[PDB]
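Participant: Experimental coordinates follow, after the sequence.
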Amino acid sequence: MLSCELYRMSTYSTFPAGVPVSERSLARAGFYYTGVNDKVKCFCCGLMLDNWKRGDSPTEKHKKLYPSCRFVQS
Ligand SMILES: [Zn+2]
């Protein structure tokens, strides 16, 4: 249903701290929180991503992994 930068930011309320990637960027790319520790998923393509490194661009990786996503255009 709802898949904006605000609704996707509301799923990052129970997200574990200490993560090396800003929640905004994660939601900006088109991912949200599913509940699993460090577990996001695309809203258009629905790609799951976790265990990120330091300074990793969510958008870049998203297009580098699933470039067929309709929300990966922007
Ligand atoms: Zn996607």
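Facilitator: Perfect, thanks for sending it. Numbers count the residues shown, from 1 in each chain.

Participant: what's the nearest residue to residue 7 once chain neighbours are set aside in contact with, if anything?
Facilitator: Excluding the flanking residues, the one nearest residue 7 by CB to CB, 6 or more residues apart in numbering is residue 32, at 7.8 Å. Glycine gets a C-beta too; all of them are placed from N, C-alpha and C. If you count contacts by CB atoms under 8 Å, 6 or more residues apart in numbering, residue 32 has them with 7, 8, 11, 12, 26, 40, 41, 43.

Participant: Do a quick rundown of the helices in the protein.
Facilitator: 23-29, 58-65 (DSSP state H).

Participant: Tell me the gap between the first one and the middle of its chain.
Facilitator: Averaging C-alpha positions (CA atoms, centre = their mean, to the nearest Å) puts helix 23-29 6 Å from its chain's average.

Participant: picking up where we left off before, quick check on the contacts of residue 32: which are buried?
Facilitator: 8, 11, 12, 26, 40, 41, 43 (16 or more other CB atoms under 10 Å).

Participant: which non-adjacent residue is nearest the residue nearest in space to the middle of the chain?
Facilitator: Residue closest to the mean C-alpha point of the chain, counted by CA atoms, centre = their mean, is residue 31 at 2.7 Å. Nearest residue to residue 31 in three dimensions, chain neighbours excluded: residue 40, at 3.7 Å (CB to CB, 6+ apart).

Participant: same deal with residue 65?
Facilitator: residue 47 is the one closest to residue 65 (CB to CB, 6+ apart), at 6.0 Å.
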